[PDB]
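Every residue, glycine as well, gets a Cβ built from its backbone with ideal geometry; the counts of neighbours run over all protein chains shown. What is reported rests on the model, the rules as stated and the sources as named; no laboratory read-out is quoted.
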Protein chains: 2
Amino acid sequence: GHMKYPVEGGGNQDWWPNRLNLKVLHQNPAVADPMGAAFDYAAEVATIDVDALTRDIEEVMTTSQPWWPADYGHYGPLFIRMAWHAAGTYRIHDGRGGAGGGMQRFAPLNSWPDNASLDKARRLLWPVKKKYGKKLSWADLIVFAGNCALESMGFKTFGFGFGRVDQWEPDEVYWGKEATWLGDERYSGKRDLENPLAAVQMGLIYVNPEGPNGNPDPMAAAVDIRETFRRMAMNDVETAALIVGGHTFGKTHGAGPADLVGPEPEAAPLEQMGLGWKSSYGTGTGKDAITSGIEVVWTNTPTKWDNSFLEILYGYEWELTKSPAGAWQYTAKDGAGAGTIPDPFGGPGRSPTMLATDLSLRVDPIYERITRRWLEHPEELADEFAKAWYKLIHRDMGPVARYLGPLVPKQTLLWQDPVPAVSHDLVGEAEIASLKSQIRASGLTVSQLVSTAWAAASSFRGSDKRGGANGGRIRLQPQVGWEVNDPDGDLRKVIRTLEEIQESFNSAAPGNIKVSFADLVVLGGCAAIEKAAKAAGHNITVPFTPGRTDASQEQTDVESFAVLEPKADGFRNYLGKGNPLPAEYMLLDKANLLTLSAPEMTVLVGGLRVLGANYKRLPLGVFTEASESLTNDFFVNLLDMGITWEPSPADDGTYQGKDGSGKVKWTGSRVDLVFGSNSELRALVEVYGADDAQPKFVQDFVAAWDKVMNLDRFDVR
Amino acid sequence: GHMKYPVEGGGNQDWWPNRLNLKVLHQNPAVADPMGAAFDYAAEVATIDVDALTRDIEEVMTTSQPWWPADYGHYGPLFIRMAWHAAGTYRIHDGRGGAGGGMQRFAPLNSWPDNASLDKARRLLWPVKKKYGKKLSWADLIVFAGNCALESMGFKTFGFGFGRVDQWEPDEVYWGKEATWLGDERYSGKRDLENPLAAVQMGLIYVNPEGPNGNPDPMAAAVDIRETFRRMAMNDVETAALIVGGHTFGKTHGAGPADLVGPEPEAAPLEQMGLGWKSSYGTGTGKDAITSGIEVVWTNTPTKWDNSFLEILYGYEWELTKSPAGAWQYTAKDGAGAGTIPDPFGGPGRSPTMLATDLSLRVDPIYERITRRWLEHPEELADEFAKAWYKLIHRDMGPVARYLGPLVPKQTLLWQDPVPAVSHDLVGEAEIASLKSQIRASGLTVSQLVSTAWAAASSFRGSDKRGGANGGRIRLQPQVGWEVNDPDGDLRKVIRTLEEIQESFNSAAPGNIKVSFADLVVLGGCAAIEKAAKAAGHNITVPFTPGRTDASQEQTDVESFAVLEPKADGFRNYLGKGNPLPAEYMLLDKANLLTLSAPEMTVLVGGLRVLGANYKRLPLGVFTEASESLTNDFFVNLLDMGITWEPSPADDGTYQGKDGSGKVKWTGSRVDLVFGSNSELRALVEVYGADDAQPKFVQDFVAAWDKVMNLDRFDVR
Ligand code: HEM
Ligand code: HEM
Ligand code: NA
Ligand code: NA
């Protein structure tokens, strides 16, 4: 190899290829954002005329452009696919992907083989973006264009929430390790898909439309469809509803040989102005378009909602055939239905066709029972598709407080992890001071109160904005039993004690003030930090914002919450089994999901160690002589050249720190020592370990702690 | 190949290896910075107690630590090498490197082979960092410890300025293409060293101490010494003084086989706490130390300043021998001077020894005249070494306003590109208004005024902070003759007219107010921009900070300024010959040197195009019908899918943009079209090209313009 200039991507990872990349903690830096620090998308979206916007998108949909002529004179179905692909990268394992950042317009997603032609689709929406400007994000517009397409073609949707803020550089996400587009190095066993991945090959949305590994066996395709859609949060009813709903519209494109299609947009020359897949087959567009290489028109009304998809699926028998580009697809046997399927540019009629993955809906016995019913009950298909589409387009939006504008329906939905509305007045200063005292007199320790509040709050992830302390779900399944949370039972003592305090305060309170369990979990941590800070010679106040409410078990989907269980949390020195990478990488990944900067991660780790937040109160990294005192001791001792560190002879992922006596003075994990070893982290440690640093550390610690407590608090911002 | 998690370095660069890397415009992002937003290092260090600092460094220097015992009981010489290496990465071609940012403490420099053992040196200084905290940067401390070491051992320095601001992530710099440490792929012709490099091998500071590619020929080593030092701004006298003054102290380290030395710091395990090169030879340290693998002690007084180096160099005859580790060095012939050189830990005395590169100073005939003169007149050496050492450790400091504290000498130095002190009252609001009017009435066009101001101001580079509009050098050599500034002599007309306005203003002025030519150059741009924005319907005031002064030609080192000449300036659509990369890369590189973000670079390109700032007023990228009007037409037209772009038939770096008829409506360069093609830049173009975006564009353009006009204005910060 050769090293490149930095402007062509050269840097330190070339010389140390497996090095920790702290850039995941400064994604989307403010200086790359053109809008400026006062920009307030919620205030701008509030201003939009949604009816006019809807009419502007209908005009785009029926006005054919000569650089990509509209099949059947309507871009609606292309826009449904656009919207479906935008939301269709979502994965449950880490909550990454999905439409909430408009990441389809950036690398790598803008150039995935499965997003071929979406470069033209998005481009078609520039006239609408141009007219609304800062009032409308690309993120909102891409999925709103699909929703408007559904409605303009006869399908009434359940609603729509605006509010996705545009970003200015791509979210960098692990999409798999294959270095060849459409490569597959992600299966083992009989058919176990590598976590956290939710598609079958690199650069596909879910499955291969010619069947697993290009082999068109619809039964085997079904296995893939069911698993990838599960990992995108869809069950069997949702998955069938979505496939039938989508393929009610439009057509594939495979008019000619794919080797006449040129490079994807990130690799295409400048004069293409950000478009890719430039084709030399015929005109390269429209009648001659090549996108997937399959050539299927599913229904006899590609620009109308009706039940034709299932009528065709079940009204014909099917046989394998090949598309003009050499892909497997299915056609009706016996020459049936000849001429019945309309051409997108006024050519002659054609025969019924289907994808291998569409036959899956008839071959797989579970999907077969679901879709056979819809054959006779289209009203149920319509109901299921409206619910699954809404979920699809909003799955990564987070708490319903964030959904903006006039089309949000009011019905609660279990998948939104709903919390109750506030029903009483909220605690004010006096009531908060009082409850801080009760908590401090309750016999719960600093370590118990801080660990419990951290376990509640740090369950949030900023990818899909699920989790956090609102809801009080630490006392419900499954969080109440997660290993990191409740190692040996002590969690239930804390829960019971805080419940006793809620009960007494609520029995006696001023008027109509009541406090939730969820709020006391957080308030106990804050009170404990005030106590630890005193212990250390600081009179401080830890901010606290009331307003959390208490969800019930029935409002808490246990299976859905399973993906939020930490398998690693370096903030508590917890490392479970099954992580993809060593502990220091998992720490940064955890810090990234909590939206923490590197300074924020650093102070939190140092403060939580000395407060006793560790899992099972282990002494790893607890570099202090003081009990329950909030000092910068972690930083000071980490930097002390008087300590000689070595891996423990147990080979148990721990290290021993010996003083000059040769006595083991401290012990630590990889997560602990990385702050002393990594040159950029150790630079931060040196800020907090200096002699003048103690007030700064407390201030920064409290701010970072307050951030984590408020992560899910979109109800009050 | 395999794709990696982002936390392990994975990203879009893996799929498109040569993609333009926009991360070079958001380096050292605020979110990675642990210090306050209000944090002002200059304010902090300005209050430091320098005498106390000096005493504390002196105590570190004479207190041996067990994990790296001090040679001769004094770490001074090690610290001198440390400071010399911190400053010694500097290079004139781009101004990158040098000690100004404390980059030695981060990758890759902390792990360069030439920087072996300075991991320990920097670690020795943590007690001082700890004590002074935010009042003392690592960047200042590393070079200040070298300066104190010199004074501690009897050499009076010229002075010292504090104020180097710590950074939190490494500067990412092109250090060469070699992908092996000590690799050499950087020579062509007879011995032409690749620009912008200033070292003979990857990971060396300047030259190979065993001679060119390890051949210990002193005469040929002298060719490399002279050229690498020249590329670090040092002539023959300065180079000889630096080498002699440096090797007056301390010793090399090569006690044992180098294959017993473990991985460099960035590759070492966690338990070494950021140290590297752990050695299993004997104790690994002190008397068994292994750093370069050479074992040379130059003088009989390694912890004292005197004329021993040159007395030894000239008082013996030398013959080639091998160190314990097998490296080439020189030792006195015929057993002369046996036992005269003291051991670092009290062992037996040893014989005189020199590096091949030290013999260069005696064998090369230029150096021999210089150094024989110093053998005979040693007080001349002390004066040249003071001057040269001061220059070395301050070369990248920028304007002398940045130098802070009580050690800063008063004397003016040519290499500081000095400007006169302000000597009259400055123009205030009324005078600034009146001059704007007189400039707009002078007959000079908007294009001429914007071009001239841009030329003067955009010569600043934020690497070594040289250049900028202060000094009025646009009218002196060499700036007045640079091809990009003055293609066909139109600059001189502007200059004459602005001098006429200066002289008539000053001879009429109220009171003691006078204005400089340098201010009028910038003020003229500002007035042209107000005029152009009014033509487009905006009434805006362009900010303007007076106080630049006018240097004379005698105060302007013509050769030193040669390196500031642009060979590319995309903001003017100028591409000279000889650039290392295609024009869009050179554009972002110029933006990085201007300290611009991606939004700022974007608005400036689009504004400058329509203002007529292009070199030779070519129409490339001038996507407007209006003359001299500050509109957002660049962005609107770039996004016009009614234009079809193709490389021009002449293979000449340009494109033709044809409209519906097939007539050529626009032409543009690679720099113009990258904004339409690159997915991240096109996002920004889409902000500024929306129907609502004209006011925001004018405002952001004006703020970006102001930024560039004030780049070198450290006198008001
Ligand atoms: C097992 C899951 C799925 C598979 C294998 C699949 C496969 C495909 C393929 C290969 C294409 C053709 C692309 C081209 O050549 O132009 C296509 C188009 C389309 N997909 Fe699906 N799809 C799936 C699910 C969905 C879902 C869930 C939706 C929406 C809810 C959807 C909506 C569409 C639409 C409307 C089109 C037509 C696009 C146009 O008319 O230009 N698909 N799909
Ligand atoms: C042609 C240029 C130079 C070459 C090839 C060179 C080479 C070397 C080498 C190989 C070492 C041994 C490192 C080790 O094994 O510990 C060394 C040490 C040293 N260098 Fe030079 N050097 C050069 C210029 C300079 C300059 C300009 C200075 C300061 C102004 C300097 C100051 C020192 C000092 C003080 C030491 C001794 C460090 C100690 O005692 O630990 N050198 N140099
Ligand atoms: Na239909
Ligand atoms: Na000496």
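So B:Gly36 clears everything in (1) facing chain A (nearest Cβ under 10 Å); (2) assigned to a helix (DSSP H, G or I) except one condition, right? Which one?
All conditions pass for B:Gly36, except number (2).
Inspect the range B:196-211 for any residue being near ligand 2 (Cβ under 10 Å from one of its atoms), in contact with a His (Cβ under 9 Å, 6 or more places away or on another chain) and touching a residue at least 12 places away in the same chain (Cβ under 8 Å) and give the result as yes or no.
The answer is yes, given that some residue of the range B:196-211 is near ligand 2 (Cβ under 10 Å from one of its atoms), in contact with a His (Cβ under 9 Å, 6 or more places away or on another chain) and touching a residue at least 12 places away in the same chain (Cβ under 8 Å).
For the range B:205-223, name all the residues that are in a loop (DSSP other than H, G, I, E, B) and surrounded by fewer than 19 Cβ atoms within 10 Å (Cβ to Cβ).
Within the range B:205-223, B:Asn215, B:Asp217 qualify.
Which of the residues belonging to the range A:227-255 are surrounded by fewer than 21 Cβ atoms within 10 Å (Cβ to Cβ) and either within 16 Å of ligand 2 (Cβ to nearest atom) or within 20 Å of the chain's Cα centre (by Cα) (or both)?
Listed by number, the residues that qualify are A:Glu227, A:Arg230, A:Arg231, A:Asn235.
Go through the residues of the range B:636-649 one by one and say whether even a single one is more than 23 Å from B:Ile529 (Cβ to Cβ), more than 9 Å from every other protein chain (Cβ to nearest Cβ) and part of a strand (DSSP E or B).
No, the range B:636-649 has no match at all.
Identify the single condition in (1) outside any helix (DSSP H, G or I); (2) in contact with a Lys or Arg (Cβ under 8 Å, 6 or more places away or on another chain); (3) not hydroxyl-bearing (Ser, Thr, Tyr) that B:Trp168 does not satisfy, given that it satisfies every other one.
(2) is the only condition that B:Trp168 fails.
If you take the residues in the range A:465-493 that are free of Cβ contacts under 8 Å to residues at least 40 places away in the same chain and assigned to a loop (DSSP other than H, G, I, E, B), which one is farthest from A:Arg395 (Cα to Cα)?
A:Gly489
Check B:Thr321, B:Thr283 and return the single one that is free of Cβ contacts under 8 Å to residues at least 60 places away in the same chain, surrounded by fewer than 17 Cβ atoms within 10 Å (Cβ to Cβ), under 27 Å from B:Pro66 (Cβ atoms) and away from ligand 3 (no atom under 16 Å from the Cβ).
Checking each option against the conditions leaves just B:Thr283.
Pick out the one residue from A:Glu271, A:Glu295 that is surrounded by fewer than 21 Cβ atoms within 10 Å (Cβ to Cβ) and outside any strand (DSSP E or B).
It is A:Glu271.
For (1) of a type in the set (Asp, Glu); (2) within 14 Å of chain B (Cβ to nearest Cβ); (3) near ligand 1 (Cβ under 9 Å from one of its atoms); (4) not in a loop (DSSP other than H, G, I, E, B), each residue gets a yes or a no:
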site	(1), (2), (3), (4)
A:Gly246	no, no, yes, yes
A:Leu275	no, yes, no, no
A:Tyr281	no, no, no, no
A:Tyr314	no, no, no, yes
A:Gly339	no, no, no, no
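So that you can scan it fast, the table gives a plain yes or no per residue for (1) more than 11 Å from every other protein chain (Cβ to nearest Cβ); (2) assigned to a helix (DSSP H, G or I); (3) buried (at least 24 other Cβ atoms within 10 Å of the Cβ):
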| site | (1), (2), (3) |
| --- | --- |
| B:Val687 | no, yes, yes |
| B:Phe697 | no, yes, yes |
| B:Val702 | yes, yes, no |
| B:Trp705 | yes, yes, yes |
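On the given criteria, is A:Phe571 assigned to a helix (DSSP H, G or I), away from chain B (no Cβ under 14 Å), buried (at least 17 other Cβ atoms within 10 Å of the Cβ) and in contact (Cβ under 8 Å) with a residue 12 or more places away in the chain?
When the stated conditions are applied, A:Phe571 passes them.
Has the range A:657-667 got any residue that is over 27 Å from A:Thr445 (Cβ atoms), within 14 Å of another protein chain (Cβ to nearest Cβ), of a type outside the set (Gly, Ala, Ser) and buried (at least 17 other Cβ atoms within 10 Å of the Cβ)?
Checking the range A:657-667: not a single residue is over 27 Å from A:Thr445 (Cβ atoms), within 14 Å of another protein chain (Cβ to nearest Cβ), of a type outside the set (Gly, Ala, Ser) and buried (at least 17 other Cβ atoms within 10 Å of the Cβ).
Picking from A:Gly607, A:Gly612, which residue would you name as being in the same structural domain as A:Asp672 (by TED's automatic domain parsing) and surrounded by 24 or more Cβ atoms within 10 Å (Cβ to Cβ)?
So the residue among A:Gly607, A:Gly612 that is in the same structural domain as A:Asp672 (by TED's automatic domain parsing) and surrounded by 24 or more Cβ atoms within 10 Å (Cβ to Cβ) is A:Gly607.
Residue under question is B:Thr285, and the condition is that it be within 14 Å of chain A (Cβ to nearest Cβ) and of a type in the set (S, T, N, Q); does it hold?
yes
In the range B:113-129, is there at least one residue being more than 16 Å from ligand 2 (Cβ to nearest atom) and over 27 Å from B:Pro263 (Cβ atoms)?
Among the residues of the range B:113-129, at least one is more than 16 Å from ligand 2 (Cβ to nearest atom) and over 27 Å from B:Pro263 (Cβ atoms), which makes the answer yes.
Could you say whether any residue in the range B:175-184 is more than 19 Å from B:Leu392 (Cβ to Cβ), of a type in the set (A, V, I, L, M, F, W, C), touching a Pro at 6+ places or on another chain (Cβ under 8 Å) and more than 11 Å from chain A (Cβ to nearest Cβ)?
yes
Are there any helices (runs of 4 or more DSSP H) wholly within the range A:55-151 with 1 or more residues that are more than 14 Å from every other protein chain (Cβ to nearest Cβ) and within 23 Å of A:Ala233 (Cβ to Cβ), and if so which?
Counting at least 1 such residues, we get A:76-87.
Considering only the range B:175-192, I want to know if a residue exists there that is crowded, with 17+ Cβ neighbours inside 10 Å and aliphatic (A, V, I, L, M).
No, the conditions are met nowhere in the range B:175-192.
Could you say whether any residue in the range B:105-117 is crowded, with 20+ Cβ neighbours inside 10 Å, out of contact with any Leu (no Cβ under 7 Å at 6 or more places or on another chain) and charged (D, E, K, R)?
Yes, the range B:105-117 has at least one match.
Say whether the condition of being closer than 30 Å to B:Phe505 by Cβ, outside the structural domain of B:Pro543 (by TED's automatic domain parsing) and assigned to a loop (DSSP other than H, G, I, E, B) is met by at least one residue in the range B:400-416.
Looking for residues that are closer than 30 Å to B:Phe505 by Cβ, outside the structural domain of B:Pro543 (by TED's automatic domain parsing) and assigned to a loop (DSSP other than H, G, I, E, B), one finds at least one in the range B:400-416, hence yes.
Tell me, please, whether a residue that is within 18 Å of B:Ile393 (Cβ to Cβ), within 16 Å of ligand 4 (Cβ to nearest atom) and not assigned by TED's automatic domain parsing to the domain that holds B:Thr252 can be found in the range B:120-127.
no
How many residues does the range A:413-439 contain that are among the hydroxyl-bearing types (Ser, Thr, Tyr) and farther than 16 Å from A:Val716 by Cα?
Total meeting the criteria: 2.
Name the residue, out of B:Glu172, B:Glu264, that is in contact (Cβ under 8 Å) with a residue 12 or more places away in the chain, in contact with a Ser or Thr (Cβ under 7 Å, 6 or more places away or on another chain) and within 14 Å of chain A (Cβ to nearest Cβ).
Being in contact (Cβ under 8 Å) with a residue 12 or more places away in the chain, in contact with a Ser or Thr (Cβ under 7 Å, 6 or more places away or on another chain) and within 14 Å of chain A (Cβ to nearest Cβ) holds for just one of B:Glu172, B:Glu264, which is B:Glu264.
Tell me, yes or no, whether the range A:283-302 has at least one residue that is over 26 Å from A:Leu125 (Cβ atoms), acidic (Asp, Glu) and away from ligand 1 (no atom under 11 Å from the Cβ).
No: zero hits.
Of all residues in the range A:211-251, how many are over 23 Å from A:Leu375 (Cβ atoms) and in contact with a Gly (Cβ under 9 Å, 6 or more places away or on another chain)?
4
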